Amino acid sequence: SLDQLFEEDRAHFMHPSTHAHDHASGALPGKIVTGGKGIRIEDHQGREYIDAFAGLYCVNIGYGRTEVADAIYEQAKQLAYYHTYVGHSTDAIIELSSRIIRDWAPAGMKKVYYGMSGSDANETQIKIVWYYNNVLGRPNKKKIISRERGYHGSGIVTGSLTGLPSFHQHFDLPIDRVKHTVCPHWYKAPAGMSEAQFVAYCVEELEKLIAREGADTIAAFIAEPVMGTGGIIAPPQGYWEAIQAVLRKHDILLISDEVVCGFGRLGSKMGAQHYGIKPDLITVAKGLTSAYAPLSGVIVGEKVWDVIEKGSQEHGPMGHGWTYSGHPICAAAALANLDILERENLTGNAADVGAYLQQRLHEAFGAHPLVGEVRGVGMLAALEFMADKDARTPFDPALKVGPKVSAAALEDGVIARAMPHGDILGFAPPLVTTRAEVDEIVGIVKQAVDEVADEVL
């Protein structure tokens, strides 16, 4: 019975990112998702939705892939689990590691360590960074630089890396070793700065932070190539070249957080290849399995890996492991997911349909009175709604313009997320999305945007 399921839900299920009281009282209504196929999901009332967010930037090959279900099933039958401690493996996790390195990761990458979430992967990253510096005899070189509006997970250390205040409030974050530099969002740059000047500004602010803290105290810089949960914010022209030069100069490791950008999302293998980023370490999750099973990766470069090997020679085995590191069913899901990405050339589809997505959104919304900025890269896009387009004056947050546009689209059967800490409607459709489906999506969103504009303008 549905009523009983919702009652049990309210009574006993603690959801992620859900108003605890309102959910439990029934004021925030529950929804049960019962199925999905391609880019469409179905709920408990039999309503069907076009999921223009692919879950949470993650159902990249689309819904209802029996090919992935079968691969999971065959592994679960043969050997659902053994540990990978003390050199133990399955054939699946070995094959996945070689495939990730050979076919998806940028040059200079060597090893992969496995977890289950982007959050646990970035936890592993910080442990590796501190280990690296300790074994090199640099005990002070431990601080991590992140960026405002960055998203790097929902833990204590990883939530500190995150630069969005909802992940800090009442959790005593950020910890002292995590510092944040500027959100490289050209649209909101100081008034009348060219793109080039804004990049110079970003560089100078990073230099200033490094001078305040001491380069000798800073171990790493973590960043998403394009910021996801922070609002689909692409880097300015020249940003990655300029930032990389600063980091090289001060001997600061670069972590590319590819949890959203990885595995074809931008129309390249990862954001790193897309922007010519040469990181020392890389975090992956989401599109690694298209969410068919939970799996995360830390991709270790040659430079860091050699220090890890030397660390082991001097100090014995590194004290790091998760019970389910390398989980066989999750590895199997990943392998089938990569087969599909490769066989259907979804990276190429993401480039083609992604450019179509950008073009259509600019046509529909580039002159719309509600829309301050249309932005995106490959198969990520967003509309940011603003009260004064020219002066870049936001709406009063209490007005909930982003959530309102999202809720209106949802009434008409499109899921596009109201992004946090702003009035931003985000798009992250499956990489199998067609040009026709883009038009259908944009059409429904157009009506949603007009409707809210009628209310608030």
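Start at 1 and count along the sequence shown; that's the residue number.
- When 308 to 316 is weighed against 358 to 366, 358 to 366 comes out higher, by mean CA B-factor as recorded in the entry.
- Between 434 to 442 and 7 to 15, it is 434 to 442 that carries the larger average Cα temperature factor according to the deposited entry.
- Within the selection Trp130, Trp104, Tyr187, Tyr85, the deposited Cα B-factor values reach their highest point at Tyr187.
- Ranked within its chain, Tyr81 lands in the lowest third, by CA B factor from the PDB record.
- In this PDB entry, the Cα temperature factor of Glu195 sits in the top third of its chain's modelled residues, the highest group.
- Placement of the Cα temperature factor of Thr283 within the chain: lowest third of the modelled residues, per the deposited record.
- Residue-level temperature factors show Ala332 in the middle third of its chain, judged at the C-alpha atom.
- When the CA B factors of the chain's modelled residues are split into thirds, the value for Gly150 lands in the lowest one.
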